[PDB]
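[1] kindly return the folded structure for what I paste below:
(chains A and B)
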Protein chains: 2
Amino acid sequence: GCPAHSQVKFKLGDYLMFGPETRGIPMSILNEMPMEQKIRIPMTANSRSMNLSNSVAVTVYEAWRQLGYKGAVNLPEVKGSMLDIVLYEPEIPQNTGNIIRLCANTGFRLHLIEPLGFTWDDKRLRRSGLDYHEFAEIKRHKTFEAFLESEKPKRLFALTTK
Amino acid sequence: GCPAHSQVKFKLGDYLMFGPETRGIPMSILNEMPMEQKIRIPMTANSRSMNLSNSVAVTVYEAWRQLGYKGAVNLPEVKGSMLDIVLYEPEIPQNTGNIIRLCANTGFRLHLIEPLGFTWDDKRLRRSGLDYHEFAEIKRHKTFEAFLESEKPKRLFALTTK
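    Numbering: from 1, shown residues only, chains lettered A, B, ... in the order given. Structure data below:
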């Protein structure tokens, strides 16, 4: 069975991938990944889907906890980023906006894998309250294979859901 | 300064209170609480406000992690609830909806302290995708003082923000 997000030991160079809130990640990808790198957030038996942005926030903050909150305010200055967060084919623009804020607040780097379910629009992102610096560096990869080619992740994790 | 949400040791009988995403909990309340019970989620220096539902999800899942995910699907059956979650004067309906789902998924009990910034309307809650059992038993307290009188929390935590 799937380990919890807190039952893996996150390390520098890890990439954490999330699929759309209702669809998740295709089985063709998941079936070729080791059991230990397919994580599932704990839920009670009769649960229903959690919001994707909440799922990513929970996962990011658990990883950051394991990494001692390096780079946080009132901690010694650290150079560089934490982990890399990957949204596979993100669908709902509000989730992506929330996740952009999350990643900017935590020093995690965000990647999107096309196709997106919305048009990427600086003005729309700004209207939602994001500053340009929060989203200016976000990479959009053409495909999952192109992402793997560009990034060559040391380890790749995938969030699964029931 | 404020301990992180993961730098407190949560215990049975704890109540975790969250104020609105735009203004938080009034200083008149916070000033009567011990420093150790005023938690702040870690952020980088130039961070901006995180979505309240993300803040509550992060805090709830960290508390549940400390409590060994008791009552989760892959675990022996447990009869009680976990902690109590309290929204002080919640403003944005979608946050409250997300938090209702979160609490139902984790076995945490939700309380709202009036006044709410939106209508408590079964039809509106249903339209947002919630099932009746998720919201039917949520306690709505007339005031903060009435909440304290009704619930007599063994310990009360409050989320703070910069």
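[2] find the residue at the geometric middle of chain A.
    residue A:85 (3.3 Å; C-alpha atoms, centre = their mean).
[3] that residue pairs with what?
    Note on residue A:85: beta-bridge partners residue A:16, residue A:110, judged by DSSP bridges.
[4] mind listing what it touches?
    By C-beta atoms under 8 Å, 6 or more residues apart in numbering or on different chains, the residues touching residue A:85 are A:15, A:16, A:18, A:56, A:60, A:99, A:103, A:108, A:109, A:110, A:111. Where you see a C-beta, it was placed from the backbone N, CA and C, and this is true even at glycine.
[5] which bits of chain A sit near chain B?
    Counting by C-beta under 8 Å from any C-beta of the partner chain, the residues of chain A close to chain B are A:1, A:4, A:6, A:41-45, A:47-51, A:53-55, A:57-58, A:61-62, A:64-65, A:69, A:71-74, A:98, A:101-102, A:104-107, A:129, A:131, A:134.
[6] where do the helices sit along chain A?
    According to DSSP state H, chain A carries its helices in the segments A:27-30, A:52-66, A:93-106, A:122-127, A:132-135, A:144-151.
[7] export those to CSV and tack on mean neighbour count?
    Listed next are the helices of chain A as CSV, based on neighbours: other C-beta atoms under 10 Å in any protein chain shown:
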stretch, mean neighbour count
helix A:27-30, 12
helix A:52-66, 24
helix A:93-106, 22
helix A:122-127, 12
helix A:132-135, 15
helix A:144-151, 15
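[8] I'd like those helices as JSON lines, with distance to residue B:90 appended.
    Shown next, in JSON lines, are the helices of chain A (distance: least, C-beta to C-beta, whole Å):
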{"stretch": "helix A:27-30", "distance to residue B:90": "37"}
{"stretch": "helix A:52-66", "distance to residue B:90": "16"}
{"stretch": "helix A:93-106", "distance to residue B:90": "17"}
{"stretch": "helix A:122-127", "distance to residue B:90": "23"}
{"stretch": "helix A:132-135", "distance to residue B:90": "25"}
{"stretch": "helix A:144-151", "distance to residue B:90": "38"}
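[9] those: which one's closest to residue A:10?
    Nearest of the helices of chain A to residue A:10, taken as C-beta to C-beta: helix A:52-66 at 4.4 Å.
[10] could I get that closest one in PDB with only the CA atoms?
    What follows is helix A:52-66, C-alpha atoms only, in PDB (Å, rounded to 0.1, in the frame of the first residue of the first chain):
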ATOM      1  CA  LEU A  52      -5.600  19.900  -4.900                       C
ATOM      2  CA  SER A  53      -4.100  23.000  -3.400                       C
ATOM      3  CA  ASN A  54      -4.700  21.700   0.100                       C
ATOM      4  CA  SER A  55      -3.000  18.400  -0.900                       C
ATOM      5  CA  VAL A  56       0.000  20.200  -2.300                       C
ATOM      6  CA  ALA A  57       0.200  22.500   0.800                       C
ATOM      7  CA  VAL A  58       0.100  19.500   3.100                       C
ATOM      8  CA  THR A  59       2.800  17.600   1.100                       C
ATOM      9  CA  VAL A  60       5.100  20.700   0.700                       C
ATOM     10  CA  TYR A  61       4.900  21.600   4.400                       C
ATOM     11  CA  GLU A  62       5.700  18.000   5.500                       C
ATOM     12  CA  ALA A  63       8.700  17.900   3.100                       C
ATOM     13  CA  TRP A  64       9.800  21.300   4.400                       C
ATOM     14  CA  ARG A  65       9.400  20.100   8.100                       C
ATOM     15  CA  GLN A  66      11.700  17.100   7.200                       C
END
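[11] which strands or helices does that helix pack on?
    Using 3 or more C-beta pairs under 8 Å, 6 or more residues apart in numbering or on different chains; DSSP states H and E, the elements in contact with helix A:52-66 are strand A:14-18, helix A:93-106, helix B:52-66.
[12] output those in JSON lines; the columns should cover distance to residue A:146.
    Formatted as JSON lines, those follow (distance: least, C-beta to C-beta, whole Å):
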{"stretch": "strand A:14-18", "distance to residue A:146": "14"}
{"stretch": "helix A:93-106", "distance to residue A:146": "19"}
{"stretch": "helix B:52-66", "distance to residue A:146": "29"}
